[PDB]
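Undergrad: From the sequence below, what's the structure:
(2 chains)
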Amino acid sequence: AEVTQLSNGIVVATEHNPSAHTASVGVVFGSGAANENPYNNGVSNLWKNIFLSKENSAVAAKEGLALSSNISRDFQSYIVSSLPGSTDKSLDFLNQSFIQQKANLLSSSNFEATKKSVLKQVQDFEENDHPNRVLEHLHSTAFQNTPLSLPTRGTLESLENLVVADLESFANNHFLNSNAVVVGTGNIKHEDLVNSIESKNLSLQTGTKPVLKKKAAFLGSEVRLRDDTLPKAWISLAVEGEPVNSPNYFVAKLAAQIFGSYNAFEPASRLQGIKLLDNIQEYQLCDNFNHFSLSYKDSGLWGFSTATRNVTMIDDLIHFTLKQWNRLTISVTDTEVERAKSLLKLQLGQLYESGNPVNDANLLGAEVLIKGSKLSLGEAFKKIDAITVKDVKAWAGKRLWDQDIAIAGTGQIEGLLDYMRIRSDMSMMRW
Amino acid sequence: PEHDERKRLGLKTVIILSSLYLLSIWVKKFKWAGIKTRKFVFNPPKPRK
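TA: Numbers count the residues shown, from 1 in each chain, chains lettered A, B, ... in the order given. Next comes the structure:
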(Lines give C-alpha, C1' and ligand atoms only; values in the text may rest on other atoms or scores of the structure.)
Protein backbone atom coordinates (compact mmCIF):
# COMPACT_ATOMS: atom_id res chain seq x y z
CA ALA A 1 0.00 0.00 0.00
CA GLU A 2 2.45 2.63 -1.24
CA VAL A 3 2.69 4.80 -4.35
CA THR A 4 5.82 5.25 -6.48
CA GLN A 5 6.58 8.33 -8.60
CA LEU A 6 9.28 8.75 -11.24
CA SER A 7 10.05 11.55 -13.69
CA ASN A 8 11.45 11.50 -17.23
CA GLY A 9 9.95 14.78 -18.23
CA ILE A 10 6.75 12.72 -17.82
CA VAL A 11 5.45 12.05 -14.31
CA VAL A 12 4.35 8.45 -13.71
CA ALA A 13 2.48 7.48 -10.53
CA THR A 14 1.24 4.02 -9.57
CA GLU A 15 -0.63 2.23 -6.76
CA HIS A 16 -0.10 -1.47 -7.43
CA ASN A 17 -2.62 -3.90 -5.92
CA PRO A 18 -1.81 -7.58 -6.67
CA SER A 19 -5.18 -8.96 -5.50
CA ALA A 20 -7.36 -7.09 -8.01
CA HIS A 21 -8.85 -8.39 -11.27
CA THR A 22 -8.62 -5.27 -13.47
CA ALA A 23 -6.23 -2.44 -14.34
CA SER A 24 -6.81 1.23 -15.12
CA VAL A 25 -4.45 3.50 -17.07
CA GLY A 26 -4.95 7.15 -17.94
CA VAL A 27 -3.74 10.74 -18.06
CA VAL A 28 -4.81 13.54 -15.70
CA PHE A 29 -4.40 17.23 -16.52
CA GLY A 30 -4.15 20.10 -14.05
CA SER A 31 -6.70 22.37 -15.71
CA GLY A 32 -10.43 22.39 -14.97
CA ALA A 33 -13.46 24.65 -15.14
CA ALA A 34 -11.45 27.18 -13.09
CA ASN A 35 -9.04 27.54 -16.05
CA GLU A 36 -11.50 28.93 -18.63
CA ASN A 37 -13.43 32.15 -19.19
CA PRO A 38 -17.14 33.07 -19.47
CA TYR A 39 -17.03 32.88 -23.28
CA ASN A 40 -15.70 29.31 -23.70
CA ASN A 41 -17.29 27.83 -20.57
CA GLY A 42 -18.10 24.16 -21.11
CA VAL A 43 -15.32 23.44 -23.60
CA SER A 44 -13.99 20.80 -21.19
CA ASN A 45 -17.38 19.12 -20.82
CA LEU A 46 -17.46 18.89 -24.62
CA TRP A 47 -13.95 17.40 -24.67
CA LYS A 48 -15.07 14.62 -22.31
CA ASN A 49 -17.98 13.66 -24.56
CA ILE A 50 -15.89 13.59 -27.73
CA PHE A 51 -13.71 11.03 -25.94
CA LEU A 52 -16.75 8.90 -25.01
CA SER A 53 -18.54 9.09 -28.37
CA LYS A 54 -19.51 6.01 -30.37
CA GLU A 55 -16.81 5.41 -32.98
CA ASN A 56 -14.09 5.77 -30.34
CA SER A 57 -15.89 3.51 -27.84
CA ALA A 58 -16.60 1.01 -30.61
CA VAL A 59 -12.90 0.81 -31.52
CA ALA A 60 -12.10 0.21 -27.84
CA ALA A 61 -14.87 -2.38 -27.36
CA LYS A 62 -13.56 -4.54 -30.21
CA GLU A 63 -10.29 -4.78 -28.24
CA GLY A 64 -11.90 -5.26 -24.81
CA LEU A 65 -11.40 -1.74 -23.44
CA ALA A 66 -13.73 0.48 -21.39
CA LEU A 67 -13.53 4.27 -21.20
CA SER A 68 -14.21 6.93 -18.57
CA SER A 69 -13.72 10.66 -18.00
CA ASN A 70 -14.43 13.35 -15.41
CA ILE A 71 -14.46 17.16 -15.30
CA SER A 72 -13.84 19.09 -12.08
CA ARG A 73 -12.77 22.65 -11.20
CA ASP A 74 -9.04 21.88 -10.85
CA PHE A 75 -8.50 18.83 -13.08
CA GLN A 76 -9.68 16.58 -15.90
CA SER A 77 -9.26 12.85 -16.56
CA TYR A 78 -9.25 10.47 -19.54
CA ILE A 79 -9.03 6.84 -18.41
CA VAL A 80 -8.89 3.40 -20.06
CA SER A 81 -9.65 0.09 -18.31
CA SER A 82 -8.80 -3.49 -19.26
CA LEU A 83 -7.96 -6.93 -17.92
CA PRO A 84 -4.54 -7.15 -16.20
CA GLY A 85 -2.71 -8.83 -19.10
CA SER A 86 -3.91 -6.23 -21.62
CA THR A 87 -2.33 -2.98 -20.41
CA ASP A 88 0.01 -2.37 -23.35
CA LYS A 89 -3.01 -2.27 -25.66
CA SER A 90 -4.56 0.30 -23.31
CA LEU A 91 -1.54 2.59 -23.68
CA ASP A 92 -1.53 2.31 -27.48
CA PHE A 93 -5.19 3.34 -27.75
CA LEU A 94 -4.50 6.26 -25.41
CA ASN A 95 -1.56 7.21 -27.63
CA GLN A 96 -3.16 6.92 -31.05
CA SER A 97 -6.70 8.18 -30.63
CA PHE A 98 -6.09 10.96 -28.06
CA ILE A 99 -2.63 12.54 -27.85
CA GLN A 100 -1.43 12.22 -31.48
CA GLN A 101 -4.43 11.93 -33.85
CA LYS A 102 -7.70 13.66 -33.09
CA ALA A 103 -8.83 14.88 -36.55
CA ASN A 104 -10.91 11.70 -36.62
CA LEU A 105 -12.74 12.82 -33.36
CA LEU A 106 -13.26 16.55 -34.28
CA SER A 107 -15.04 15.83 -37.58
CA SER A 108 -18.05 17.88 -38.66
CA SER A 109 -20.60 15.11 -38.06
CA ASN A 110 -19.31 13.86 -34.70
CA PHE A 111 -19.06 17.41 -33.35
CA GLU A 112 -22.69 18.34 -34.08
CA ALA A 113 -24.04 15.05 -32.72
CA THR A 114 -22.01 15.52 -29.53
CA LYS A 115 -23.12 19.13 -29.06
CA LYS A 116 -26.78 18.14 -29.42
CA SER A 117 -26.54 15.53 -26.66
CA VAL A 118 -24.60 17.79 -24.30
CA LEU A 119 -27.12 20.62 -24.65
CA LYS A 120 -29.90 18.18 -23.76
CA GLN A 121 -27.92 16.99 -20.73
CA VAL A 122 -27.51 20.52 -19.39
CA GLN A 123 -31.10 21.60 -20.08
CA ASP A 124 -32.35 18.52 -18.21
CA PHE A 125 -30.07 19.28 -15.25
CA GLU A 126 -31.37 22.82 -14.84
CA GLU A 127 -35.05 21.75 -14.77
CA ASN A 128 -35.03 18.63 -12.56
CA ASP A 129 -31.90 18.34 -10.33
CA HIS A 130 -32.62 20.88 -7.59
CA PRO A 131 -30.13 20.06 -4.79
CA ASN A 132 -27.16 20.10 -7.19
CA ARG A 133 -28.06 23.28 -9.11
CA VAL A 134 -28.42 25.21 -5.84
CA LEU A 135 -24.90 24.20 -4.78
CA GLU A 136 -23.58 25.37 -8.16
CA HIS A 137 -25.37 28.69 -7.63
CA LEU A 138 -23.74 28.96 -4.21
CA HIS A 139 -20.30 28.76 -5.84
CA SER A 140 -21.29 31.51 -8.27
CA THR A 141 -22.41 34.05 -5.65
CA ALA A 142 -19.60 33.29 -3.17
CA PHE A 143 -16.79 33.66 -5.75
CA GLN A 144 -18.43 36.08 -8.20
CA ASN A 145 -16.15 37.68 -10.81
CA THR A 146 -13.42 35.09 -10.19
CA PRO A 147 -12.48 31.80 -11.89
CA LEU A 148 -13.90 29.56 -9.13
CA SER A 149 -17.43 30.80 -10.00
CA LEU A 150 -17.90 29.12 -13.37
CA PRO A 151 -20.06 25.95 -13.53
CA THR A 152 -18.38 22.71 -14.51
CA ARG A 153 -21.04 21.55 -16.99
CA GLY A 154 -21.12 24.93 -18.69
CA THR A 155 -24.02 27.26 -19.28
CA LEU A 156 -26.70 26.73 -21.92
CA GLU A 157 -25.97 30.15 -23.49
CA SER A 158 -22.17 29.90 -23.69
CA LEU A 159 -22.40 26.28 -24.85
CA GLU A 160 -24.33 27.25 -28.00
CA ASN A 161 -21.64 29.49 -29.57
CA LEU A 162 -18.79 26.92 -29.45
CA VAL A 163 -17.04 25.70 -32.61
CA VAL A 164 -14.20 23.24 -33.26
CA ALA A 165 -11.70 26.11 -33.16
CA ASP A 166 -12.53 26.65 -29.48
CA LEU A 167 -11.68 23.01 -28.78
CA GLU A 168 -8.38 23.12 -30.70
CA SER A 169 -7.31 26.37 -29.02
CA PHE A 170 -8.03 24.97 -25.55
CA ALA A 171 -6.10 21.79 -26.34
CA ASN A 172 -2.98 23.67 -27.46
CA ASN A 173 -2.95 25.71 -24.23
CA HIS A 174 -3.64 23.09 -21.53
CA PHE A 175 -2.99 19.52 -22.79
CA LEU A 176 0.75 19.70 -22.18
CA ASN A 177 3.44 17.49 -20.68
CA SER A 178 4.26 20.09 -18.02
CA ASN A 179 0.58 19.95 -16.96
CA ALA A 180 0.05 16.17 -17.01
CA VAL A 181 0.34 13.03 -14.90
CA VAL A 182 0.22 9.42 -16.14
CA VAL A 183 -1.45 7.09 -13.64
CA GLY A 184 -1.89 3.38 -13.12
CA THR A 185 -4.02 1.52 -10.59
CA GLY A 186 -5.05 -2.03 -9.87
CA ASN A 187 -3.00 -5.05 -10.94
CA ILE A 188 -0.19 -3.18 -12.68
CA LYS A 189 3.48 -2.96 -11.73
CA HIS A 190 5.43 0.29 -11.82
CA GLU A 191 8.37 -1.08 -13.80
CA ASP A 192 6.20 -2.53 -16.56
CA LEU A 193 4.39 0.79 -17.05
CA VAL A 194 7.71 2.66 -17.07
CA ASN A 195 9.17 0.17 -19.55
CA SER A 196 6.14 0.36 -21.86
CA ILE A 197 6.36 4.15 -21.96
CA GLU A 198 10.07 4.39 -22.82
CA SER A 199 9.62 1.72 -25.51
CA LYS A 200 7.36 4.32 -27.11
CA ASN A 201 8.18 8.01 -26.51
CA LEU A 202 4.75 9.31 -25.43
CA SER A 203 4.71 13.11 -25.13
CA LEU A 204 1.67 15.31 -25.71
CA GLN A 205 3.03 18.88 -25.93
CA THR A 206 5.78 20.83 -24.21
CA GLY A 207 4.29 23.20 -21.62
CA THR A 208 3.85 26.90 -20.79
CA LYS A 209 0.18 27.00 -19.90
CA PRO A 210 -1.25 30.49 -19.21
CA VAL A 211 -1.17 32.11 -15.77
CA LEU A 212 -4.51 33.26 -14.37
CA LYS A 213 -4.79 37.00 -13.80
CA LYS A 214 -7.25 36.97 -10.90
CA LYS A 215 -7.07 35.08 -7.62
CA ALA A 216 -10.15 33.61 -5.98
CA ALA A 217 -11.87 35.75 -3.35
CA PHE A 218 -14.87 35.10 -1.11
CA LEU A 219 -17.76 37.59 -0.93
CA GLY A 220 -20.79 37.43 1.35
CA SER A 221 -23.97 37.61 -0.70
CA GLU A 222 -27.16 35.74 -1.61
CA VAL A 223 -29.10 34.61 -4.68
CA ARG A 224 -32.77 33.60 -4.55
CA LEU A 225 -34.47 31.58 -7.33
CA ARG A 226 -38.13 31.54 -6.34
CA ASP A 227 -40.52 28.94 -7.80
CA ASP A 228 -43.84 28.54 -6.01
CA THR A 229 -44.95 25.55 -8.12
CA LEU A 230 -42.34 23.14 -6.76
CA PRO A 231 -43.25 21.09 -3.64
CA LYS A 232 -40.20 21.85 -1.44
CA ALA A 233 -37.53 24.38 -0.52
CA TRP A 234 -33.85 23.63 -1.19
CA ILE A 235 -31.24 25.78 0.59
CA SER A 236 -27.44 25.77 1.00
CA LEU A 237 -25.34 28.05 3.24
CA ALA A 238 -21.59 28.35 3.82
CA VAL A 239 -18.60 30.40 4.99
CA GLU A 240 -15.06 30.62 3.62
CA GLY A 241 -13.06 27.49 4.40
CA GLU A 242 -9.64 25.88 3.90
CA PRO A 243 -7.77 25.16 0.63
CA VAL A 244 -5.75 22.08 -0.20
CA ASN A 245 -2.29 22.15 1.39
CA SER A 246 -3.44 24.05 4.50
CA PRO A 247 -2.49 23.30 8.13
CA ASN A 248 -6.19 23.32 9.14
CA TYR A 249 -7.30 20.82 6.49
CA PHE A 250 -8.30 17.93 8.76
CA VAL A 251 -9.62 20.13 11.58
CA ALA A 252 -12.27 21.59 9.27
CA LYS A 253 -13.26 18.08 8.16
CA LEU A 254 -13.63 16.95 11.78
CA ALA A 255 -15.84 19.95 12.55
CA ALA A 256 -18.22 19.13 9.69
CA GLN A 257 -18.42 15.52 10.92
CA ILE A 258 -19.63 16.74 14.34
CA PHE A 259 -22.97 17.84 12.84
CA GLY A 260 -23.02 15.21 10.11
CA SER A 261 -25.88 14.16 7.84
CA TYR A 262 -29.51 13.21 8.37
CA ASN A 263 -32.40 11.38 6.72
CA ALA A 264 -35.77 11.67 8.44
CA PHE A 265 -37.22 8.51 6.90
CA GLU A 266 -34.41 6.14 7.98
CA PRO A 267 -34.90 4.86 11.56
CA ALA A 268 -31.23 4.52 12.52
CA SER A 269 -30.33 7.99 11.23
CA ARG A 270 -32.75 9.47 13.80
CA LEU A 271 -30.72 7.98 16.68
CA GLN A 272 -27.36 9.63 15.96
CA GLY A 273 -25.50 11.45 18.72
CA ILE A 274 -26.09 14.94 17.33
CA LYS A 275 -27.61 17.60 19.58
CA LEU A 276 -29.22 19.46 16.66
CA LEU A 277 -31.60 16.51 16.23
CA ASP A 278 -33.19 17.14 19.63
CA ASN A 279 -34.51 20.43 18.17
CA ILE A 280 -35.79 19.47 14.68
CA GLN A 281 -37.64 16.21 15.33
CA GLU A 282 -40.35 17.63 17.62
CA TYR A 283 -41.93 19.62 14.76
CA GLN A 284 -40.00 17.96 11.88
CA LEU A 285 -38.62 21.01 10.10
CA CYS A 286 -36.64 19.10 7.43
CA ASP A 287 -36.40 15.86 5.47
CA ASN A 288 -32.59 15.74 5.15
CA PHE A 289 -29.39 17.72 5.54
CA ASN A 290 -25.65 17.25 5.01
CA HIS A 291 -22.60 19.21 6.18
CA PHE A 292 -19.67 19.69 3.79
CA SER A 293 -16.07 20.96 3.85
CA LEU A 294 -14.91 21.56 0.27
CA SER A 295 -11.31 22.46 -0.57
CA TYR A 296 -9.61 23.72 -3.73
CA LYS A 297 -6.18 25.05 -4.71
CA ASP A 298 -7.02 28.66 -3.77
CA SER A 299 -9.92 28.61 -1.27
CA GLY A 300 -12.74 26.55 0.19
CA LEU A 301 -16.25 26.40 1.62
CA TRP A 302 -17.72 25.08 4.87
CA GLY A 303 -21.45 24.66 5.45
CA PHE A 304 -24.64 22.66 4.91
CA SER A 305 -27.47 21.92 2.49
CA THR A 306 -31.07 20.96 3.26
CA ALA A 307 -34.45 20.13 1.71
CA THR A 308 -37.79 20.47 3.48
CA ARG A 309 -41.56 20.37 2.98
CA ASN A 310 -42.36 22.45 6.11
CA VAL A 311 -42.43 25.84 4.40
CA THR A 312 -43.83 27.79 7.39
CA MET A 313 -40.93 27.02 9.78
CA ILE A 314 -37.83 27.68 7.67
CA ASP A 315 -36.67 30.42 10.06
CA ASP A 316 -36.62 27.95 12.96
CA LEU A 317 -34.46 25.53 10.96
CA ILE A 318 -31.80 28.09 10.04
CA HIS A 319 -31.83 29.59 13.54
CA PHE A 320 -31.33 26.34 15.46
CA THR A 321 -28.57 25.15 13.11
CA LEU A 322 -26.52 28.34 13.34
CA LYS A 323 -26.75 28.38 17.15
CA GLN A 324 -25.16 24.93 17.28
CA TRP A 325 -22.26 26.25 15.20
CA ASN A 326 -21.63 28.92 17.85
CA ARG A 327 -20.85 26.19 20.39
CA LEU A 328 -17.67 25.27 18.50
CA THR A 329 -16.14 28.52 19.79
CA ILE A 330 -17.65 28.38 23.31
CA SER A 331 -18.70 24.95 24.65
CA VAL A 332 -17.84 21.96 22.44
CA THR A 333 -17.26 18.87 24.58
CA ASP A 334 -14.65 16.10 24.47
CA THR A 335 -17.19 13.38 23.64
CA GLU A 336 -18.31 15.22 20.50
CA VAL A 337 -14.67 15.34 19.36
CA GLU A 338 -13.85 11.68 20.02
CA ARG A 339 -16.95 10.61 18.08
CA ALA A 340 -16.08 12.70 15.03
CA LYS A 341 -12.49 11.39 15.05
CA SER A 342 -13.43 7.76 14.49
CA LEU A 343 -16.28 8.47 12.07
CA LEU A 344 -14.03 10.68 9.93
CA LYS A 345 -11.54 7.80 9.71
CA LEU A 346 -14.31 5.47 8.54
CA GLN A 347 -15.46 8.04 5.97
CA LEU A 348 -12.16 8.64 4.18
CA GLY A 349 -11.15 5.03 4.77
CA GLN A 350 -14.02 4.03 2.47
CA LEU A 351 -13.24 6.71 -0.13
CA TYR A 352 -9.58 5.70 -0.51
CA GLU A 353 -10.11 1.91 -0.22
CA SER A 354 -13.04 1.17 -2.51
CA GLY A 355 -12.69 -1.56 -5.13
CA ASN A 356 -12.95 0.58 -8.26
CA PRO A 357 -9.58 1.40 -9.89
CA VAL A 358 -11.18 4.29 -11.80
CA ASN A 359 -11.78 6.22 -8.57
CA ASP A 360 -8.21 5.47 -7.47
CA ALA A 361 -6.79 7.02 -10.64
CA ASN A 362 -8.74 10.27 -10.30
CA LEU A 363 -7.75 10.66 -6.64
CA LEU A 364 -4.08 9.85 -7.25
CA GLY A 365 -3.62 12.12 -10.25
CA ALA A 366 -5.25 15.11 -8.57
CA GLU A 367 -3.13 14.86 -5.41
CA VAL A 368 0.21 14.41 -7.19
CA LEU A 369 -0.48 17.41 -9.45
CA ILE A 370 -0.59 19.73 -6.40
CA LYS A 371 1.73 18.24 -3.76
CA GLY A 372 4.11 16.26 -5.97
CA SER A 373 3.43 13.30 -3.66
CA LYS A 374 0.61 11.37 -2.01
CA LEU A 375 0.02 11.24 1.73
CA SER A 376 -0.70 7.68 2.80
CA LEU A 377 -3.74 6.73 4.85
CA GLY A 378 -1.63 5.64 7.83
CA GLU A 379 -0.22 9.17 8.02
CA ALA A 380 -3.58 10.95 7.75
CA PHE A 381 -4.95 8.94 10.68
CA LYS A 382 -2.14 10.09 12.98
CA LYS A 383 -2.89 13.74 12.21
CA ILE A 384 -6.57 13.19 13.07
CA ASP A 385 -5.88 11.51 16.42
CA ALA A 386 -3.69 14.46 17.50
CA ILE A 387 -6.48 17.09 17.34
CA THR A 388 -7.71 18.54 20.65
CA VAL A 389 -10.64 20.68 21.79
CA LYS A 390 -8.36 23.75 21.82
CA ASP A 391 -7.54 23.34 18.13
CA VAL A 392 -11.25 23.26 17.25
CA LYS A 393 -12.10 26.35 19.33
CA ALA A 394 -9.18 28.25 17.81
CA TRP A 395 -10.24 27.31 14.27
CA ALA A 396 -13.90 28.22 14.86
CA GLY A 397 -13.06 31.55 16.50
CA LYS A 398 -11.28 32.54 13.28
CA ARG A 399 -13.48 31.02 10.55
CA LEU A 400 -17.04 31.06 11.97
CA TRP A 401 -17.56 33.61 14.77
CA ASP A 402 -19.11 36.80 13.35
CA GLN A 403 -18.09 36.12 9.74
CA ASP A 404 -19.86 36.79 6.46
CA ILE A 405 -21.90 34.08 4.74
CA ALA A 406 -23.14 33.01 1.33
CA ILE A 407 -26.67 31.70 0.77
CA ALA A 408 -28.55 30.15 -2.15
CA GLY A 409 -32.07 28.81 -2.36
CA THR A 410 -34.82 27.69 -4.71
CA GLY A 411 -38.45 26.66 -4.49
CA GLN A 412 -40.90 27.77 -1.79
CA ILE A 413 -38.58 30.14 0.10
CA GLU A 414 -41.01 32.90 1.13
CA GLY A 415 -40.25 31.99 4.74
CA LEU A 416 -36.51 32.51 4.31
CA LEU A 417 -35.78 35.81 6.00
CA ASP A 418 -33.47 38.61 4.90
CA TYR A 419 -29.67 38.50 4.91
CA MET A 420 -28.98 40.51 8.05
CA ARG A 421 -31.24 38.50 10.36
CA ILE A 422 -29.33 35.37 9.32
CA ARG A 423 -25.94 37.11 9.54
CA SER A 424 -26.74 38.20 13.11
CA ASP A 425 -27.10 34.55 14.18
CA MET A 426 -23.36 33.96 13.59
CA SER A 427 -22.62 35.40 17.05
CA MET A 428 -24.60 34.61 20.29
CA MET A 429 -24.67 37.93 22.16
CA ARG A 430 -24.58 35.78 25.37
CA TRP A 431 -20.73 35.64 25.48
CA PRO B 1 -35.42 81.87 40.24
CA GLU B 2 -34.29 78.78 38.26
CA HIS B 3 -33.06 80.77 35.25
CA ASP B 4 -29.33 80.16 35.72
CA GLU B 5 -29.51 76.44 36.57
CA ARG B 6 -32.01 75.75 33.77
CA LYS B 7 -29.81 77.20 31.02
CA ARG B 8 -26.81 75.07 32.05
CA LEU B 9 -28.71 71.71 32.27
CA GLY B 10 -30.09 72.47 28.81
CA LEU B 11 -26.57 72.71 27.43
CA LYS B 12 -25.85 69.22 28.73
CA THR B 13 -29.10 67.78 27.39
CA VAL B 14 -28.87 69.33 23.92
CA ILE B 15 -25.27 68.18 23.36
CA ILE B 16 -26.03 64.57 24.34
CA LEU B 17 -29.20 64.29 22.25
CA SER B 18 -27.64 65.97 19.21
CA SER B 19 -24.89 63.33 18.97
CA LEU B 20 -27.30 60.42 19.49
CA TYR B 21 -29.31 61.76 16.54
CA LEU B 22 -26.27 61.72 14.26
CA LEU B 23 -25.15 58.29 15.48
CA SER B 24 -28.63 56.92 14.77
CA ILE B 25 -28.46 58.12 11.16
CA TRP B 26 -25.12 56.35 10.68
CA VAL B 27 -26.30 53.05 12.14
CA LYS B 28 -29.51 53.02 10.11
CA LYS B 29 -27.82 53.57 6.74
CA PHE B 30 -25.39 50.72 7.46
CA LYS B 31 -28.09 48.19 8.37
CA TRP B 32 -30.17 49.21 5.30
CA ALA B 33 -27.45 48.92 2.65
CA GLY B 34 -28.36 45.40 1.58
CA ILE B 35 -31.94 46.36 0.72
CA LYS B 36 -31.04 49.57 -1.15
CA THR B 37 -28.63 47.91 -3.63
CA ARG B 38 -30.48 44.60 -4.09
CA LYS B 39 -31.20 43.74 -7.73
CA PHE B 40 -33.92 41.82 -9.59
CA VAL B 41 -34.04 39.97 -12.93
CA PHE B 42 -36.99 38.38 -14.78
CA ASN B 43 -36.86 35.52 -17.29
CA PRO B 44 -40.39 34.71 -18.61
CA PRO B 45 -41.14 31.03 -17.93
CA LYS B 46 -42.96 28.63 -20.22
CA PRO B 47 -46.77 28.73 -19.73
CA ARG B 48 -47.03 24.91 -19.79
CA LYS B 49 -48.30 24.95 -16.18
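
Undergrad: Disregarding residues adjacent in the polypeptide, which is nearest to the residue of chain B found nearest chain A?
TA: Closest approach between chain B and chain A, counting by CB to the nearest CB: residue B:34, at 5.2 Å. Every C-beta, even on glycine, is put in place using the N, C-alpha and C of the backbone. What sits nearest to residue B:34 in space, not counting adjacent residues and going by CB to CB, 6 or more residues apart in numbering or on different chains, is residue A:419, at 5.2 Å.

Undergrad: Name the helix or strand for the residue of chain B closest to chain A, please.
TA: If you go by DSSP states H and E, residue B:34 is part of helix B:33-37.

Undergrad: Repeat that for residue A:24.
TA: Assessed by DSSP H and E, residue A:24 sits inside strand A:23-29.

Undergrad: Toward the C-terminus, what is the element adjacent to the longest helix along chain A?
TA: Longest helix in chain A, counting residues (DSSP state H): helix A:108-128. Where DSSP H and E defines the elements, the next helix or strand beyond helix A:108-128 is helix A:130-142.

Undergrad: Remind me what that next one packs against, helices and strands.
TA: Secondary-structure packing of helix A:130-142 (3 or more CB pairs under 8 Å, 6 or more residues apart in numbering or on different chains; DSSP states H and E): helix A:108-128, strand A:221-226, strand A:233-240, strand A:300-308, strand A:406-411.

Undergrad: hmm, try it at 6 Å
TA: Contacts defined by 3 or more CB pairs under 6 Å, 6 or more residues apart in numbering or on different chains; DSSP states H and E place helix A:130-142 against strand A:221-226, strand A:233-240, strand A:406-411.

Undergrad: want to throw those strands into TSV with mean neighbour count and distance to residue A:75?
TA: Below are the helices and strands packed on helix A:130-142 laid out as TSV (neighbours: other CB atoms under 10 Å in any protein chain shown; distance: least, CB to CB, whole Å):
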stretch	mean neighbour count	distance to residue A:75
strand A:221-226	16	27
strand A:233-240	23	22
strand A:406-411	23	24
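
Undergrad: I'd like to know which of those lies nearest to chain B.
TA: Nearest to chain B, of all the helices and strands packed on helix A:130-142, is strand A:221-226, at 8.8 Å by CB to the nearest CB.

Undergrad: got the residues of the stretch 301-431 of chain A near chain B?
TA: By the rule CB under 6 Å from any CB of the partner chain, the part of the stretch 301-431 of chain A lying against chain B is residue A:419.

Undergrad: Going along the chain, name the helices of the stretch 301-431 of chain A.
TA: Along the stretch 301-431 of chain A, the segments classed as helices by DSSP state H, counting those that start in this stretch run A:314-330, A:334-351, A:357-371, A:377-384, A:389-399, A:419-423.

Undergrad: Can you show me the helices along chain B?
TA: Using DSSP H, helices in chain B cover B:3-31, B:33-37.

Undergrad: Who's the closest spatial neighbour of the residue nearest in space to the middle of chain A, skipping the chain neighbours?
TA: Among the residues of chain A, the one closest to the centroid is residue A:72, at 6.2 Å (CA atoms, centre = their mean). Nearest residue to residue A:72, sequence neighbours excluded (CB to CB, 6+ apart): residue A:32, at 5.1 Å.

Undergrad: can you pull the contacts of the one you found?
TA: By CB atoms under 6 Å, 6 or more residues apart in numbering or on different chains, the contact list for residue A:32 reads A:72, A:73, A:74, A:75.

Undergrad: Top of those residues by number of neighbours, please.
TA: Of all the contacts of residue A:32, residue A:75 has the most neighbours under the rule other CB atoms under 10 Å in any protein chain shown, reaching 24 neighbours.

Undergrad: interface residues of chain B facing chain A?
TA: residue B:34.

Undergrad: Let's see that with 7 Å instead.
TA: Within reach of chain A by CB under 7 Å from any CB of the partner chain, chain B has these residues: B:31, B:34, B:49.

Undergrad: top of those by neighbour count?
TA: Those, ranked by neighbours (other CB under 10 Å): first place residue B:34, 15 neighbours.

Undergrad: quick one: that one and residue A:422 touch, right?
TA: No. Applying CB atoms under 7 Å as the test, residue B:34 and residue A:422 come out as separate, 11.0 Å apart.

Undergrad: how close does the residue nearest to residue A:72 get to chain B?
TA: 28 Å (CB to the nearest CB, to the nearest Å).

Undergrad: same deal with residue A:268?
TA: The value you get for residue A:268 to chain B, if CB to the nearest CB is used, is 39 Å.

Undergrad: what's the neighbour count on that residue?
TA: Residue A:268: 7 surrounding residues under other CB under 10 Å.

Undergrad: wait, what's in contact with it?
TA: Listed by CB atoms under 7 Å, 6 or more residues apart in numbering or on different chains, the contact set of residue A:268 is empty.
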